[PDB]
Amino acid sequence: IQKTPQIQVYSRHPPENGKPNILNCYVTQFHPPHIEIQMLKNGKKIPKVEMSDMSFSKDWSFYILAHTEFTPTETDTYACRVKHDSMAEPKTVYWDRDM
């Protein structure tokens, strides 16, 4: 089979401008397991992104968590960019402080 990733970008704790936090990119519902995940701040790749081990659910689809430290502010933009073989091109999802 082939299954397309679902992507969620969100903070560990409710965000407050100026206070350190953790930014999560949770990618689920994909098959096969090869996947490429990057995170970006203000248009620059973030080098220090931690990756959990990959696992899978009872329907056999895989899931993984990437995360990095961040400090939200009123102007800084954050994104997670994902590429999987089910996709012709990468997909970028921006962090939204309300979701």
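Heads up, when I say rigid core I mean the largest set of C-alphas that superpose within 1.5 Å between the two forms. Residue numbers here begin at 1 and follow the sequence given.
- For 45-53 versus 23-31, the mean Cα distance to the shown form in 7 other deposited structures of this protein after rigid core alignment is larger for 45-53.
- Looking at 61-69 and 40-48 together, the entry lists the larger mean B-factor for 40-48, computed on C-alpha atoms.
- Averaged over CA atoms, B-factors in the entry run higher in 49-57 than in the other of 49-57 and 23-31.
- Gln6: CA B factor in the lowest third of modelled residues in this chain (values from the PDB entry).
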